[PDB]
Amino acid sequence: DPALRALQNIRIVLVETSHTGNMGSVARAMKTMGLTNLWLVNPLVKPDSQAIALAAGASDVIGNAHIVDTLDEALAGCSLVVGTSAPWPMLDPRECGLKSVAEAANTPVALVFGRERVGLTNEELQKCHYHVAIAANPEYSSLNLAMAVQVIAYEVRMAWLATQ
């Protein structure tokens, strides 16, 4: 992937993921967009055969994932932290893509995703420079965790492609 080096500094950080299936789906979503750098903060369960199954061809993303106890560990070294949630500085996914790719050229960037039902807590959201909301149906705005990663990752790759 010609995009490999441009994107490798972008950390996808999953906070306290409940289901290993979603970790797998996340690794696939990432990998399709060229993202390789997965961080799991205190997952309920560590990745297992169901995560590997759903990762399929991207099981190497799982295999290389950093698993850490605390969010601060996953954010350590990042010049840009973006949290995703359905008063703070807001980006949309397209702007998040553009900003991430530009900052990732130089330094690590963290794109932080929350728990399947709860999302990110207030204390977690206050660690981010920006928040990203994916514009959605107000009747039903909650994407599946992996689907949300796919949207963000997709806009990251579009941003990279524009630099070409």
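Start at 1 and count along the sequence shown; that's the residue number.
Taking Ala86 and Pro87 as adjacent modelled residues, how many residues of the deposited sequence between them have no coordinates (none, 1 to 3, 4 to 9, 10 or more)? Per the deposited record, the segment joining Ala86 and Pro87 lacks coordinates for 4 to 9 residues.
On mean C-alpha B-factor from the PDB entry, just flag whether 5-13 or 143-151 is the higher one. The recorded data point to 5-13.
Mind pulling up the entry and telling me whether 101-109 or 33-41 has the higher mean Cα temperature factor? Comparing averages over the C-alpha atoms only gives 101-109.
Report the option among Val132, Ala136, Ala58, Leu120 whose CA atom has the maximum B-factor in the deposited record. Result of the comparison over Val132, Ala136, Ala58, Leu120: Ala58.
Between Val68, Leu125, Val26, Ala51, which one tops the list for C-alpha B-factor in the PDB entry? Checking the PDB record, the top C-alpha B-factor among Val68, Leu125, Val26, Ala51 is at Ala51.
Compared with the other modelled residues in the chain, in which third is the CA B-factor of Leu75? Within its chain, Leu75 is a middle-third residue by C-alpha B-factor, going by the deposited values.
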